[PDB]
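Okay, structure first, notes after.
In the working numbering, the protein residues as written are 126 to 341.
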């Protein structure tokens with residue numbers, strides 16, 4: 126297969142069904158502050174934007190910090206067991222490995238937690254570098270994720286590509302000059318932005334579109 130040298134995958138929504146786990150803690154967080162919780166389409170509608178901003182988009186601004194820590198605690202308590210990945214992704218990772226391409230990830234709910242989760246599933250060592258979120262800070266650390274990951278996996282290979290689902294990964298990869306392919310795993314709400322510089326990007330509906338796009 127005419128695969129690249131390294132493929133950076135998303136680890137939040139493209140790698141696992143975080144929806145189940147997130148909805149669990151999401152319900153707890155809002156209920157903890159006396160706020161209601163809409164069920165149903167909220168599962169997919171919370172997939173896409175960062176939980177911090179998603180919660181802020183749900184109306185939380187003042188007691189947002191309280192709900193955030195509640196979400197984190199509940200997610201760290203039960204959210205880890207409310208996830209899975211057995212589907213086309215499994216054989217995909219195997220086939221990609223067969224082609225001789227190096228795989229890595231640059232997106233995380235929390236790096237320490239990601240280390241645990243990926244270790245639990247047993248796909249941790251199947252990736253070269255696991256990165257995404259070292260700490261929740263300020264400024265535009267949107268590029269540093271991929272940037273720092275690359276400096277770790279150095280030297281830098283000729284062919285690099287990202288696989289995501291959101292404008293966050295497509296913009297970051299393009300910011301460093303790395304091509305990317307977005308999938309159609311979910312359907313969020315914060316899809317439409319005002320500042321859209323990057324309009325062109327390949328879209329993979331099913332898992333088979335990924336393999337052929339990557340060239341495995």
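Backbone N, C-alpha and C define an ideal beta-carbon position, used for all residues, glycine too.
In terms of CA proximity to residue 201, 143 leads the group 275, 264, 143, 231. Contact check between the stretch 151–165 and the stretch 221–232: fewer than three CB pairs, one atom from each, fall below 8 Å, which does not count as touching. The three-state secondary structure of residue 297, taken from DSSP, is helix.
Scanning its chain for C-beta atoms nearer than 8 Å, with the 5 sequence neighbours on each side dropped, one finds around residue 137 the residues 143, 232, 233, 234, 257, in chain order. Contact check between the stretch 178–191 and the stretch 143–158: three or more CB pairs, one atom from each, fall below 8 Å, which counts as touching. Excluding residues up to 5 positions away in sequence, 289, 290, 295, 326, 328 lie with their Cβ nearer than 6 Å to the Cβ of residue 307 in the same chain. CA-to-CA, the gap between residue 309 and residue 146 works out to about 19 Å. At a cut-off of 4 residues, the continuous stretches assigned as alpha helix (DSSP H) that sit fully inside the stretch 241–292 are 269–277. Rounded to whole angstroms, the Cβ separation of residue 150 and residue 204 is 5 Å, and the two are in contact under 8 Å.
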